[PDB]
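Chemist: I am sharing structure.cif, which consists of mmCIF, C-alpha atoms:
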data_target
#
loop_
_atom_site.group_PDB
_atom_site.id
_atom_site.type_symbol
_atom_site.label_atom_id
_atom_site.label_comp_id
_atom_site.auth_asym_id
_atom_site.auth_seq_id
_atom_site.Cartn_x
_atom_site.Cartn_y
_atom_site.Cartn_z
ATOM 1 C CA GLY A 425 68.760 59.241 35.606
ATOM 2 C CA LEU A 426 68.426 61.291 32.446
ATOM 3 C CA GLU A 427 71.866 60.556 30.961
ATOM 4 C CA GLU A 428 71.540 56.832 31.678
ATOM 5 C CA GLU A 429 68.114 56.801 29.995
ATOM 6 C CA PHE A 430 69.471 58.549 26.903
ATOM 7 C CA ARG A 431 72.370 56.089 26.763
ATOM 8 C CA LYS A 432 69.871 53.229 26.492
ATOM 9 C CA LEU A 433 67.985 55.182 23.823
ATOM 10 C CA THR A 434 71.199 55.556 21.782
ATOM 11 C CA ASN A 435 71.607 51.761 21.931
ATOM 12 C CA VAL A 436 68.294 51.212 20.102
ATOM 13 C CA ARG A 437 69.368 49.430 16.942
ATOM 14 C CA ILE A 438 68.621 50.783 13.476
ATOM 15 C CA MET A 439 66.902 47.849 11.783
ATOM 16 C CA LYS A 440 68.445 48.052 8.329
ATOM 17 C CA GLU A 441 67.009 44.654 7.330
ATOM 18 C CA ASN A 442 63.667 46.483 6.843
ATOM 19 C CA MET A 443 64.910 49.561 4.939
ATOM 20 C CA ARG A 444 64.716 48.196 1.385
ATOM 21 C CA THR A 445 62.469 50.706 -0.381
ATOM 22 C CA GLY A 446 64.226 53.848 0.841
ATOM 23 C CA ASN A 447 67.592 52.328 -0.129
ATOM 24 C CA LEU A 448 66.694 51.549 -3.748
ATOM 25 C CA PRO A 449 68.997 53.553 -6.080
ATOM 26 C CA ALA A 450 66.075 55.388 -7.736
ATOM 27 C CA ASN A 451 64.688 56.406 -4.312
ATOM 28 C CA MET A 452 67.953 57.475 -2.652
ATOM 29 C CA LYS A 453 67.842 60.872 -4.357
ATOM 30 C CA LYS A 454 64.584 61.454 -2.414
ATOM 31 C CA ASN A 455 66.369 61.267 0.967
ATOM 32 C CA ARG A 456 68.156 64.142 2.679
ATOM 33 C CA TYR A 457 70.188 61.802 4.917
ATOM 34 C CA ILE A 458 71.442 58.296 4.284
ATOM 35 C CA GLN A 459 70.802 57.269 7.905
ATOM 36 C CA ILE A 460 67.249 58.672 8.250
ATOM 37 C CA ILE A 461 65.093 56.452 6.039
ATOM 38 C CA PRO A 462 61.724 54.917 6.997
ATOM 39 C CA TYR A 463 61.190 51.295 7.814
ATOM 40 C CA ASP A 464 59.059 49.436 5.289
ATOM 41 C CA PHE A 465 56.704 48.262 8.040
ATOM 42 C CA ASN A 466 55.403 51.843 8.543
ATOM 43 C CA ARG A 467 56.651 53.936 5.586
ATOM 44 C CA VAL A 468 53.980 56.151 3.989
ATOM 45 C CA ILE A 469 53.150 54.513 0.626
ATOM 46 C CA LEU A 470 51.986 56.666 -2.290
ATOM 47 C CA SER A 471 49.999 55.621 -5.342
ATOM 48 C CA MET A 472 51.763 54.800 -8.597
ATOM 49 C CA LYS A 473 50.695 55.789 -12.106
ATOM 50 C CA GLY A 475 54.749 53.727 -16.018
ATOM 51 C CA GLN A 476 56.343 54.707 -12.715
ATOM 52 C CA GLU A 477 58.277 52.013 -10.842
ATOM 53 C CA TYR A 478 59.417 54.024 -7.802
ATOM 54 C CA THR A 479 56.788 56.772 -7.440
ATOM 55 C CA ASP A 480 55.299 55.038 -4.384
ATOM 56 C CA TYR A 481 58.138 56.298 -2.156
ATOM 57 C CA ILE A 482 58.484 59.287 0.145
ATOM 58 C CA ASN A 483 60.769 59.567 3.164
ATOM 59 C CA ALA A 484 57.940 59.556 5.706
ATOM 60 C CA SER A 485 56.828 57.197 8.487
ATOM 61 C CA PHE A 486 53.445 56.576 10.085
ATOM 62 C CA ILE A 487 53.908 57.002 13.846
ATOM 63 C CA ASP A 488 51.561 55.725 16.544
ATOM 64 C CA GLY A 489 49.798 58.211 18.787
ATOM 65 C CA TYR A 490 48.650 57.628 22.341
ATOM 66 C CA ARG A 491 45.126 56.428 21.493
ATOM 67 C CA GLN A 492 45.451 55.732 17.769
ATOM 68 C CA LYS A 493 47.762 53.868 15.411
ATOM 69 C CA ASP A 494 49.254 55.807 12.497
ATOM 70 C CA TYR A 495 48.215 59.088 14.093
ATOM 71 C CA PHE A 496 51.290 61.002 12.900
ATOM 72 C CA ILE A 497 53.335 61.130 9.736
ATOM 73 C CA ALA A 498 56.919 62.002 10.610
ATOM 74 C CA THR A 499 58.716 63.193 7.490
ATOM 75 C CA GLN A 500 61.683 65.247 6.355
ATOM 76 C CA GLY A 501 61.408 68.763 5.027
ATOM 77 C CA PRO A 502 60.540 68.468 1.340
ATOM 78 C CA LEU A 503 63.251 68.867 -1.278
ATOM 79 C CA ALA A 504 62.752 70.710 -4.557
ATOM 80 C CA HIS A 505 62.360 67.354 -6.316
ATOM 81 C CA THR A 506 60.091 65.829 -3.616
ATOM 82 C CA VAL A 507 57.643 68.755 -3.109
ATOM 83 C CA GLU A 508 55.149 67.177 -5.514
ATOM 84 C CA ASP A 509 55.390 63.873 -3.612
ATOM 85 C CA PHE A 510 54.913 65.709 -0.297
ATOM 86 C CA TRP A 511 51.652 67.332 -1.399
ATOM 87 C CA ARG A 512 50.505 64.091 -3.012
ATOM 88 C CA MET A 513 51.101 62.378 0.358
ATOM 89 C CA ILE A 514 49.066 65.089 2.136
ATOM 90 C CA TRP A 515 46.227 64.513 -0.329
ATOM 91 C CA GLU A 516 46.239 60.711 -0.637
ATOM 92 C CA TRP A 517 46.393 60.136 3.128
ATOM 93 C CA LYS A 518 43.923 62.953 3.951
ATOM 94 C CA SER A 519 46.190 64.934 6.273
ATOM 95 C CA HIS A 520 44.610 68.267 7.231
ATOM 96 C CA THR A 521 47.339 69.395 9.617
ATOM 97 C CA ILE A 522 51.015 70.102 9.054
ATOM 98 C CA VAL A 523 53.404 70.920 11.895
ATOM 99 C CA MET A 524 56.638 72.594 10.785
ATOM 100 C CA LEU A 525 59.430 72.738 13.362
ATOM 101 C CA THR A 526 62.159 74.548 11.394
ATOM 102 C CA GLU A 527 62.778 77.651 9.392
ATOM 103 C CA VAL A 528 63.343 77.022 5.689
ATOM 104 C CA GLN A 529 66.890 78.337 6.237
ATOM 105 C CA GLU A 530 68.809 78.119 9.513
ATOM 106 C CA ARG A 531 72.408 79.304 9.915
ATOM 107 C CA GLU A 532 73.165 79.768 6.207
ATOM 108 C CA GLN A 533 72.138 76.148 5.540
ATOM 109 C CA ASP A 534 68.921 75.173 3.759
ATOM 110 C CA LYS A 535 66.643 73.043 5.963
ATOM 111 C CA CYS A 536 63.404 72.884 3.940
ATOM 112 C CA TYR A 537 62.237 73.898 0.476
ATOM 113 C CA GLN A 538 59.347 76.328 0.864
ATOM 114 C CA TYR A 539 56.478 74.101 -0.221
ATOM 115 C CA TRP A 540 53.638 76.576 0.568
ATOM 116 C CA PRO A 541 52.781 79.962 -0.972
ATOM 117 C CA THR A 542 53.461 83.023 1.179
ATOM 118 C CA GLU A 543 50.796 84.879 -0.835
ATOM 119 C CA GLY A 544 48.576 83.707 -3.675
ATOM 120 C CA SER A 545 48.749 80.200 -5.133
ATOM 121 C CA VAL A 546 51.247 77.559 -6.208
ATOM 122 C CA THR A 547 50.842 74.340 -8.184
ATOM 123 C CA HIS A 548 52.954 71.232 -7.562
ATOM 124 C CA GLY A 549 52.036 68.392 -9.888
ATOM 125 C CA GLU A 550 48.249 67.949 -9.990
ATOM 126 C CA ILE A 551 47.707 69.897 -6.735
ATOM 127 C CA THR A 552 47.122 73.632 -6.260
ATOM 128 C CA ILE A 553 47.741 75.332 -2.896
ATOM 129 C CA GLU A 554 46.244 78.780 -2.196
ATOM 130 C CA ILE A 555 46.955 80.509 1.094
ATOM 131 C CA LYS A 556 43.738 81.908 2.597
ATOM 132 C CA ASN A 557 44.915 83.179 5.992
ATOM 133 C CA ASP A 558 48.164 83.645 7.915
ATOM 134 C CA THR A 559 47.975 84.437 11.641
ATOM 135 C CA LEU A 560 51.002 85.040 13.872
ATOM 136 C CA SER A 561 50.455 84.433 17.583
ATOM 137 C CA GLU A 562 53.691 84.607 19.598
ATOM 138 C CA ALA A 563 56.151 82.056 18.161
ATOM 139 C CA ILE A 564 53.555 80.235 15.999
ATOM 140 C CA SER A 565 52.335 81.136 12.519
ATOM 141 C CA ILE A 566 49.045 79.420 11.697
ATOM 142 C CA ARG A 567 48.333 79.273 7.954
ATOM 143 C CA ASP A 568 45.139 77.958 6.310
ATOM 144 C CA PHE A 569 45.465 76.818 2.680
ATOM 145 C CA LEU A 570 42.881 75.870 0.114
ATOM 146 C CA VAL A 571 44.217 72.675 -1.481
ATOM 147 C CA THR A 572 42.756 71.509 -4.812
ATOM 148 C CA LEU A 573 43.399 68.263 -6.676
ATOM 149 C CA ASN A 574 43.043 69.263 -10.324
ATOM 150 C CA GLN A 575 42.732 65.717 -11.717
ATOM 151 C CA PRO A 576 40.396 64.608 -13.061
ATOM 152 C CA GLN A 577 39.074 68.001 -14.205
ATOM 153 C CA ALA A 578 35.521 66.609 -13.954
ATOM 154 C CA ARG A 579 35.847 66.291 -10.147
ATOM 155 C CA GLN A 580 37.761 69.524 -9.466
ATOM 156 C CA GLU A 581 34.875 71.206 -7.591
ATOM 157 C CA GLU A 582 34.468 68.362 -5.086
ATOM 158 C CA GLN A 583 38.248 67.946 -4.688
ATOM 159 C CA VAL A 584 38.985 70.930 -2.434
ATOM 160 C CA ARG A 585 40.161 70.805 1.182
ATOM 161 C CA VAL A 586 41.534 73.141 3.812
ATOM 162 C CA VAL A 587 44.953 72.173 5.176
ATOM 163 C CA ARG A 588 46.286 74.024 8.213
ATOM 164 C CA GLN A 589 50.007 74.516 8.802
ATOM 165 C CA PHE A 590 51.338 75.286 12.288
ATOM 166 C CA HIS A 591 54.733 76.928 11.741
ATOM 167 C CA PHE A 592 56.708 76.954 14.984
ATOM 168 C CA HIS A 593 59.276 79.748 15.228
ATOM 169 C CA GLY A 594 60.283 79.095 18.846
ATOM 170 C CA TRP A 595 63.171 76.686 18.292
ATOM 171 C CA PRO A 596 66.586 78.409 18.381
ATOM 172 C CA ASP A 597 69.100 77.804 15.606
ATOM 173 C CA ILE A 598 71.372 76.339 18.312
ATOM 174 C CA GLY A 599 70.324 74.250 21.289
ATOM 175 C CA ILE A 600 66.793 73.934 22.641
ATOM 176 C CA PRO A 601 64.068 76.426 23.582
ATOM 177 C CA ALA A 602 64.621 78.157 26.903
ATOM 178 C CA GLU A 603 60.964 77.703 27.934
ATOM 179 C CA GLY A 604 58.298 75.041 27.491
ATOM 180 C CA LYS A 605 55.326 77.373 26.931
ATOM 181 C CA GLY A 606 55.840 77.634 23.168
ATOM 182 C CA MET A 607 55.863 73.856 22.717
ATOM 183 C CA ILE A 608 52.852 73.441 25.026
ATOM 184 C CA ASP A 609 50.901 76.070 23.079
ATOM 185 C CA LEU A 610 51.867 74.449 19.773
ATOM 186 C CA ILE A 611 50.587 71.054 20.963
ATOM 187 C CA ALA A 612 47.376 72.581 22.338
ATOM 188 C CA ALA A 613 46.562 74.451 19.111
ATOM 189 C CA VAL A 614 47.264 71.277 17.103
ATOM 190 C CA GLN A 615 44.919 69.357 19.412
ATOM 191 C CA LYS A 616 42.128 71.928 18.914
ATOM 192 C CA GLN A 617 42.397 71.573 15.143
ATOM 193 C CA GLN A 618 42.313 67.779 15.329
ATOM 194 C CA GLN A 619 39.029 67.836 17.268
ATOM 195 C CA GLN A 620 37.412 69.351 14.161
ATOM 196 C CA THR A 621 39.027 67.138 11.525
ATOM 197 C CA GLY A 622 38.875 63.821 13.371
ATOM 198 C CA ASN A 623 40.967 60.700 12.746
ATOM 199 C CA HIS A 624 43.202 62.262 10.156
ATOM 200 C CA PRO A 625 47.000 61.917 10.354
ATOM 201 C CA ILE A 626 49.068 64.881 11.530
ATOM 202 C CA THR A 627 52.050 65.576 9.247
ATOM 203 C CA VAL A 628 55.138 66.660 11.232
ATOM 204 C CA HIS A 629 58.509 67.641 9.805
ATOM 205 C CA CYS A 630 61.682 69.461 10.714
ATOM 206 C CA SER A 631 64.719 68.942 8.458
ATOM 207 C CA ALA A 632 65.537 65.233 8.643
ATOM 208 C CA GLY A 633 62.266 64.400 10.376
ATOM 209 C CA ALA A 634 63.889 62.847 13.446
ATOM 210 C CA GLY A 635 65.084 65.277 16.126
ATOM 211 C CA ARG A 636 62.583 68.102 16.566
ATOM 212 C CA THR A 637 59.924 65.997 14.865
ATOM 213 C CA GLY A 638 60.411 63.169 17.361
ATOM 214 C CA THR A 639 60.389 65.677 20.230
ATOM 215 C CA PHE A 640 57.027 67.139 19.171
ATOM 216 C CA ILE A 641 55.496 63.691 18.696
ATOM 217 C CA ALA A 642 56.904 62.264 21.946
ATOM 218 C CA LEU A 643 55.539 65.240 23.878
ATOM 219 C CA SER A 644 52.119 65.014 22.198
ATOM 220 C CA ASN A 645 51.994 61.330 23.175
ATOM 221 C CA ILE A 646 53.346 61.828 26.711
ATOM 222 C CA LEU A 647 51.073 64.757 27.596
ATOM 223 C CA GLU A 648 48.032 62.811 26.356
ATOM 224 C CA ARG A 649 49.010 59.865 28.554
ATOM 225 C CA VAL A 650 49.551 62.153 31.552
ATOM 226 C CA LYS A 651 46.057 63.583 30.959
ATOM 227 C CA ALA A 652 44.324 60.218 30.477
ATOM 228 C CA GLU A 653 46.200 57.980 32.931
ATOM 229 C CA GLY A 654 48.375 60.275 35.035
ATOM 230 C CA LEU A 655 51.289 57.952 34.235
ATOM 231 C CA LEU A 656 54.567 59.885 34.209
ATOM 232 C CA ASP A 657 56.820 58.136 31.749
ATOM 233 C CA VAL A 658 59.126 59.721 29.208
ATOM 234 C CA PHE A 659 61.594 56.916 28.458
ATOM 235 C CA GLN A 660 59.195 54.297 27.074
ATOM 236 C CA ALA A 661 57.421 56.865 24.867
ATOM 237 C CA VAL A 662 60.704 58.013 23.315
ATOM 238 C CA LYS A 663 61.974 54.425 23.092
ATOM 239 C CA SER A 664 58.856 53.499 21.123
ATOM 240 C CA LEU A 665 59.581 56.308 18.647
ATOM 241 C CA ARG A 666 63.215 55.215 18.226
ATOM 242 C CA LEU A 667 61.808 51.809 17.223
ATOM 243 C CA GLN A 668 59.495 53.421 14.628
ATOM 244 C CA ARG A 669 61.915 55.754 12.797
ATOM 245 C CA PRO A 670 65.708 56.197 13.153
ATOM 246 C CA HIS A 671 66.910 58.807 15.670
ATOM 247 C CA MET A 672 63.518 60.169 16.843
ATOM 248 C CA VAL A 673 64.455 62.608 19.629
ATOM 249 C CA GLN A 674 68.015 62.801 18.399
ATOM 250 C CA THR A 675 70.096 64.524 21.069
ATOM 251 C CA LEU A 676 70.452 64.574 24.838
ATOM 252 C CA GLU A 677 69.374 68.234 24.966
ATOM 253 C CA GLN A 678 66.167 67.354 23.099
ATOM 254 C CA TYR A 679 65.538 64.527 25.581
ATOM 255 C CA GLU A 680 66.107 67.005 28.427
ATOM 256 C CA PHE A 681 63.653 69.352 26.723
ATOM 257 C CA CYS A 682 60.965 66.647 26.792
ATOM 258 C CA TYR A 683 61.246 66.337 30.586
ATOM 259 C CA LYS A 684 61.211 70.123 30.943
ATOM 260 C CA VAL A 685 58.085 70.494 28.806
ATOM 261 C CA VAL A 686 56.303 67.784 30.788
ATOM 262 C CA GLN A 687 57.155 69.551 34.045
ATOM 263 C CA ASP A 688 55.929 72.861 32.630
ATOM 264 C CA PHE A 689 52.722 71.094 31.562
ATOM 265 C CA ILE A 690 52.140 69.699 35.064
ATOM 266 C CA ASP A 691 52.635 73.196 36.528
ATOM 267 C CA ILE A 692 49.975 74.655 34.216
ATOM 268 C CA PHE A 693 47.827 71.624 35.064
ATOM 269 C CA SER A 694 48.252 72.634 38.761
#
Re-express the file's structure as structure tokens.

Modeler:
Amino acid sequence: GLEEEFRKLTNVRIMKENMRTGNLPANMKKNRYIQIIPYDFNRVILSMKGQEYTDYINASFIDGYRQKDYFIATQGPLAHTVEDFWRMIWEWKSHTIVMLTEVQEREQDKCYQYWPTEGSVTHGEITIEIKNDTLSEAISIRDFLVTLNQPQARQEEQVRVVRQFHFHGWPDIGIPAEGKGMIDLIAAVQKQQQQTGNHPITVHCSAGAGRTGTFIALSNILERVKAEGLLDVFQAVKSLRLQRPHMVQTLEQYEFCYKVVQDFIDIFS
């Protein structure tokens, strides 16, 4: 049963023995939450330039159904990590960002706005220029021109398009009342990834655990249902809980996973 499954998920141990880098004093200011920190065995490592601790961001590579390291699960950037966030996007060649929160929800700040609503913004050596913004139901799809400005000699060849899927269909309290929004989000993300190929999909909410884990679990589960027909939810979520603390954080989110799968089967007929 669903509550017994989630009880076993809760019991998945947080493996603190492997959380050294994120717990270093100089890196702790880069975390939103003390208890959501990546494991060293899959943390996303950035280049270093001086700089002893500039290789850290609170972000984990997460396995997909067919491919290792298919997702990056990360927290919403902070004001003092926005440069690291865009450097991660560049250095690991992510072309797709999935945002599962508003920047502000119920008075509280959930995510620094790291993209330009209009025009351009520069964070560190990287310039981001919004080229298109399309709203379709509860999903804003935004295409940005992203330029690495260093070295100046290579500026012309160092331009990429990065697409952000901004999901507006998650209530400030509880879980979505329908699965269609989540199913459409996953399907649009899948269409984009056909064109880019084996590039990691960057996914974030606020801490990068609850909604983020739900989106990733459902992407993985629905792919397995399509390829094998195997109906499992527990093992897919358990695997995520072993890759990053608290992926799929609450019972209601776990319920939502089952509901979305059922809605997907119904569309599947």

Chemist: Excluding residue 569 (chain A) and its own-chain neighbours fewer than 3 positions away, which residues fall within 6 Å of it when counting all atoms listed in the file? Please give them as a VMD selection string.

Modeler: chain A and resid 554 to 556 586 to 587

Chemist: Taking (62.8, 65.6, 23.5) in the coordinates of the supplied file, I want to know which residues reach to within 8 Å of it, counting only C-alpha atoms; could you give the answer as a list in words?

Modeler: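 Nearby residues: residues 635, 636, 638, 639, 640, 642, 643, 662, 673, 674, 675, 676, 677, 678, 679, 680, 681, 682 and 683 of chain A.
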
Chemist: Pick the closest to residue 592 (chain A) from A:546, A:608, A:525, A:652: which is it, counting only C-alpha atoms?

Modeler: A:525

Chemist: Can you give me, as a PyMOL selection string, the residues this file yields under the PyMOL selection byres ((chain A and resi 612) around 12)?

Modeler: chain A and resi 564+590+605-611+613-619+640+643-644+647-648+689

Chemist: Which residue is closest to residue 567 (chain A)? Choose from A:521, A:596, A:528, A:536 and count only C-alpha atoms.

Modeler: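 Between A:521, A:596, A:528, A:536, the residue approaching residue 567 (chain A) most closely is A:521.
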
Chemist: Skipping near chain neighbours, those fewer than 3 positions away, what residues fall within 8 Å of residue 688 (chain A) using only C-alpha atoms, listed as a short mmCIF file (atom, residue, chain, number, x, y, z; two decimals) with C-alpha atoms, keeping the file's coordinate frame?

Modeler:
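Saved file around08.cif follows:
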data_model
loop_
_atom_site.label_atom_id
_atom_site.label_comp_id
_atom_site.auth_asym_id
_atom_site.auth_seq_id
_atom_site.Cartn_x
_atom_site.Cartn_y
_atom_site.Cartn_z
CA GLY A 604 58.30 75.04 27.49
CA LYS A 605 55.33 77.37 26.93
CA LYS A 684 61.21 70.12 30.94
CA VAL A 685 58.08 70.49 28.81
CA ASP A 691 52.64 73.20 36.53
CA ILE A 692 49.98 74.66 34.22
#

Chemist: For a test of reading the model, state the distance in Å between CA of residue 653 (chain A) and CA of residue 665 (chain A), rounded to one decimal.

Modeler: 19.6 Å

Chemist: Could you write out as an MDAnalysis selection string the residues that the PyMOL selection byres ((chain A and resi 490) around 7) matches in the shown file?

Modeler: chainID A and resid 488:489 491:492 645 648:649

Chemist: So that I have them on file, write out the residues from the current selection with C-alpha atoms, as a short mmCIF file (atom, residue, chain, number, x, y, z; two decimals), keeping the file's coordinate frame.

Modeler:
data_model
loop_
_atom_site.label_atom_id
_atom_site.label_comp_id
_atom_site.auth_asym_id
_atom_site.auth_seq_id
_atom_site.Cartn_x
_atom_site.Cartn_y
_atom_site.Cartn_z
CA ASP A 488 51.56 55.72 16.54
CA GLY A 489 49.80 58.21 18.79
CA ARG A 491 45.13 56.43 21.49
CA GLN A 492 45.45 55.73 17.77
CA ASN A 645 51.99 61.33 23.18
CA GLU A 648 48.03 62.81 26.36
CA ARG A 649 49.01 59.86 28.55
#

Chemist: Using only C-alpha atoms, which residue out of A:589, A:519, A:499, A:435 lies closest to residue 455 (chain A)?

Modeler: A:499

Chemist: Going by the chain IDs and residue numbers used in this file, which residues fall under the PyMOL selection byres ((chain A and resi 541) around 12)? Write them as an NGL selection string.

Modeler: :A and (537-540 or 542-548 or 552-558 or 567-571 or 589)

Chemist: Smallest atom-to-atom distance to residue 514 (chain A): which of A:440, A:585, A:669, A:593, using all atoms listed in the file?

Modeler: A:585

Chemist: Interatomic distance between CA of residue 551 (chain A) and CA of residue 517 (chain A)?

Modeler: 13.9 Å

Chemist: As a PyMOL selection string, please: the residues near residue 535 (chain A) (cut-off 10 Å, only C-alpha atoms, same-chain neighbours under 2 positions excluded).

Modeler: chain A and resi 456+500-503+526-533+537-538+630-632

Chemist: Quick one: distance from CA of residue 624 (chain A) to CA of residue 512 (chain A) in Å, one decimal?

Modeler: 15.2 Å
